[PDB]
Amino acid sequence: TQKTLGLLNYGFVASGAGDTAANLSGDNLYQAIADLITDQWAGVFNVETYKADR
Amino acid sequence: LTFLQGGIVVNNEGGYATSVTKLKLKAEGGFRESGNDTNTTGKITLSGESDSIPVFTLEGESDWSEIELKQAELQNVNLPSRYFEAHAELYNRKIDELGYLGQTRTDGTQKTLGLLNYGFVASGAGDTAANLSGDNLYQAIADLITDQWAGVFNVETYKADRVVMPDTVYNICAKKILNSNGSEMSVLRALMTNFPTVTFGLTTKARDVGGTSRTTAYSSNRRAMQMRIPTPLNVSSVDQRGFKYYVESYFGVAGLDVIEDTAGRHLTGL
Amino acid sequence: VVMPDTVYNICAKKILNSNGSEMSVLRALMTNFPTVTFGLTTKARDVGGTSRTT
Amino acid sequence: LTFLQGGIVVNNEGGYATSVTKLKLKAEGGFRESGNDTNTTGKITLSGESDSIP
Amino acid sequence: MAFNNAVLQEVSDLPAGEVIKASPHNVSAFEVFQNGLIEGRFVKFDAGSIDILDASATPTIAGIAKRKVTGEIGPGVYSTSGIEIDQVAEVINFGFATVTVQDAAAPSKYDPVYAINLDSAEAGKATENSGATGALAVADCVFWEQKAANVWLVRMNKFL
Amino acid sequence: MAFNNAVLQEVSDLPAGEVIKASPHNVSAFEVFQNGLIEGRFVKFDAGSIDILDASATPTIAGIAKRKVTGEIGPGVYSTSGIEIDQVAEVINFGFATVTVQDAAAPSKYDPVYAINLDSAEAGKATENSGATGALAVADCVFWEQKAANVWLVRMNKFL
Amino acid sequence: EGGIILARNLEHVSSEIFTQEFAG
């Protein structure tokens, strides 16, 4: 069992991408990563202190 | 808290009146061709109109015992100062909420409309901004802006010079690439280039207005829409009764005085 | 050139072709007509019952 | 090994303490709409919360 | 026309819809309410709104419509959508407060208050007589003293 | 959980066990209580002590357990015998006070307040549902307005 | 009865006058 969590295990909100990065179009890949970053931004109501900078 | 940075000018005008009324004077008539010694039939006169907005008043309350104050001084929390700052902060947040969505009653129904939910002309976009192409997102936002401009007959005073859209949609635009075939430049970077006068703002308040997101363009001019806060936040002097300190703080605030009807436009759904 | 404010606004917002650049119809005109100044008027909206550019 | 170049700041002030505890002070409540002479029903209070990492 | 009642014989006492603040007292603001809410009357709470008493099953008496001193001059009326718009309905629910009484009523101290429950002008008027038409027993409220003509200061023992 | 609700698009509304002083209010200190008394919850008086509601039949309900704003950071719980020790169980027994409402309850203004008379963590929580299990009517106590998440301002009309 | 403030004084007619605007 897991004692403590980390960056990847943490109970953040997860969304399944449409398809794998190996076969998504470059536009689709860019949109997937940008959607990740901007939905993180939306989850924190776009506060520069908590906006995902990495 | 983006409303006060949203360009709208705030007018503290009618101190404690329960209504604020504005008057408009319009010139009518025109010149006529006349001879050298003829009596003209061109008369220039003027008429007027009136528009009224009711003023409501909000009042909050805080309190603290002396035991409370002294005990919290252990934590270095200054309950008088922290309560006054909470009053000020909640007042600023309330002004933002009133400017954008107006006032909603406690039971659930809403009494005054704000900027986002005002009765402007509202067109529904094709689909959600996330589902929408970069070119079509640009087309939706620019169609909104120029539709408002056509509505105002492109008068510099009433022309939409600001657009506010939900932080979700604003981020999407800022990061949606317009067209991959040209460059990586984004939809927002295209709008900020083809509309060098419109400053694009954002607010979380727009994430859901009347059951769906709502972008809106508007003109931040005194003569188009004002934010009426006739009574700024008035904090009463601390009333000490025994060791119980008590503070009230009221501000009388009208909604958004939208002076001109077609001075804004809505994109409902994005 | 004077065109109705609706047409001038559409010219200044309609991107020439998103595949090339964000440059708008009006920007392309201003680049390809370095001597023509493009103005606008409202009275051109309905002269003769039909919008008119001049 | 990438985490130490993952941008997260490293805090080493805990010493040998069995945990590090953190406190955040909110403000809570809100103004209520009142008449000319009414008893306010909107209170504004100060609240706090804590979180400890062992 | 001219000012009514040029000279009055006696100084009129407290008008209806007034609350004495020496005693413990509570007037609570309700934002939604009914247009034409008469002040100085018992007001009921229905469908989440303060409205005038009218013939119903068992109305929830929420108190006495407070008379606004800094309100519009005119009949004691709560208004919406006018120059005299009243944003909230100020309602007295605790303490001593003045309410109009039926002109037939002749109450006395520590008598159980009865409100009027009819669709008429007498809506919300107090009375002692329980056989009066539409006499609704207001819970834990007693007449205290005759303030003005057809106005009695009553005492709400608990909140209304 | 670590600092729940990182960012809120509105300032949180009033927590439970908080009494508004703008109205006639009373919080009365009881010098003996039970360990594990949840702040912002209906407490009962039994055997000369304030204590959390349990399987009892007809408890004498004192009032809302006041939330010691400068008490302990953590659960809103009264506690004996600790560094987190509260000497007196100050209890709100008159006026407008905030009480936690059962997670499944959907009340409205002027709704009679029923308290969950159960042996659980759901003890003393207010609910409008009379049909709810293990609930008794807190007579002369009505709901006023939803303050926070599952927290409601209720009105204790008489000294509870 | 009623109140003490005349109705027209409960309204502040703004000193700013908004002229009618026409096309440019």
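Chains as they are written, first to last, in the working numbering: chain X, 1 to 54; chain D, 55 to 324; chain L, 325 to 378; chain C, 379 to 432; chain A, 433 to 592; chain Z, 593 to 752; chain V, 753 to 776.
A virtual CB, placed ideally from N, CA and C, is assigned to each residue, including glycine.
By DSSP, does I493 (chain A) sit in helix, in strand, or in coil? strand
Residues bridged to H764 (chain V) [DSSP beta-bridge criterion]: D:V74
Given 8 Å, three or more beta-carbon pairs between the segment 108–128 of chain D and the segment 524–535 of chain A: no
In terms of residue numbering, what span does the beta strand (DSSP E) encompassing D478 (chain A) cover? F474 to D478
Go ahead and label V586 (chain A) buried or exposed: buried means 16 or more other beta carbons lie within 10 angstroms of its beta carbon, across all protein chains shown. buried
Could one say the Cβ of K148 (chain D) lies closer than 9 Å to chain V's Cβ atoms, at least one of them? no
At a Cβ threshold of 9 Å, is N414 (chain C) touching chain Z? no
Cβ of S412 (chain C) versus every heavy atom of the ligand MG: is any distance shorter than 8 Å? In terms of ligand content, the structure shown is empty, and the ligand MG therefore cannot be addressed.
Close beta carbons around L232 (chain D), own chain, < 7 Å, minus the five adjacent residues each side: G188, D189, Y192, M239, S240, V241 and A244
C-alpha distance - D161 (chain D) paired with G102 (chain D), whole-angstrom precision: 39 Å
List, in chain order, every chain D residue whose beta-carbon is nearer than 8 Å to that of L758 (chain V). None at all; the shortest Cβ gap to chain D is about 12 Å.
Would you report the Cα separation of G96 (chain D) and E87 (chain D), rounded to the nearest angstrom? 8 Å
Is the segment 138–148 of chain D in contact with the segment 309–320 of chain D, if contact means three or more CB pairs nearer than 8 Å? no
Go ahead and label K541 (chain A) buried or exposed: buried means 16 or more other beta carbons lie within 10 angstroms of its beta carbon, across all protein chains shown. exposed
Unbroken beta strand (DSSP E) runs of length 3 or more, entirely within the segment 535–575 of chain A: which are they? 543–548
Given that a residue counts as buried once 16 or more other Cβ atoms are within 10 Å of its Cβ, and exposed if not, what is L58 (chain D)? exposed
So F12 (chain X) and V599 (chain Z) are supposed to be a Cβ contact under 8 Å. How far apart are they, rounded? Not confirmed; about 14 Å, so no contact.
9 Å Cβ cutoff, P286 (chain D) in contact with chain V: no
Take every Cβ of the segment 725–736 of chain Z, pair it with every Cβ of the segment 665–677 of chain Z, and state whether three or more of those distances are shorter than 8 Å. no
Out of D:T56, D:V74, D:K148 and D:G60, which has the shortest C-alpha to C-alpha gap to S604 (chain Z)? D:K148
Interface residues of chain Z around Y30 (chain X) at Cβ under 7 Å? In chain order: nothing, as chain Z lies at least about 27 Å away.
Can you list, in chain order, the residues of its chain whose CB lies under 7 Å from that of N742 (chain Z), leaving out five sequence neighbours each side? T692, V693 and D695
Do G716 (chain Z) and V635 (chain Z) have their C-beta atoms closer together than 9 Å? yes
Who are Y510 (chain A)'s beta bridge partners in DSSP? A:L469
So which residues of chain D does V661 (chain Z) contact, with C-beta pairs closer than 7 Å? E122
Which bits of chain D does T20 (chain X) rub up against, with CB to CB less than 9 Å? Neighbours of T20 (chain X) on chain D: none; closest Cβ ~20 Å, over 9 Å.
DSSP three-state call for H141 (chain D): helix, strand or coil? helix
Does the Cβ of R276 (chain D) have 16 or more other Cβ atoms within 10 Å, making it buried, or fewer, making it exposed? exposed
Rounded separation between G180 (chain D) and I33 (chain X) - CA only: 24 Å
Considering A126 (chain D), what are the terminal residues of the beta strand (DSSP E) in which it resides? Counting along the chain, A126 (chain D) falls outside any beta strand (DSSP E), though it belongs to the alpha helix (DSSP H) covering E120 to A126.
Selection from A:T502, A:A434 and A:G563 that minimises the alpha carbon distance to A759 (chain V): A:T502
Am I right that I675 (chain Z) and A657 (chain Z) are in contact with their C-beta atoms under 8 Å? What's the rounded C-beta distance? Not quite, the Cβ-Cβ distance comes to about 20 Å (not below 8 Å), so this is no contact.
Within chain C, partners of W744 (chain Z) - CB distance below 9 Å: Going along chain C, no residue has its Cβ under 9 Å from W744 (chain Z), so there is no contact; the nearest lies around 12 Å.
Neighbour flag for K590 (chain A) against chain Z, beta carbons, 9 Å: yes
At a Cβ threshold of 9 Å, is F45 (chain X) touching chain Z? yes
Where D551 (chain A) falls, given that 16 or more other Cβ within 10 Å makes a residue buried: exposed
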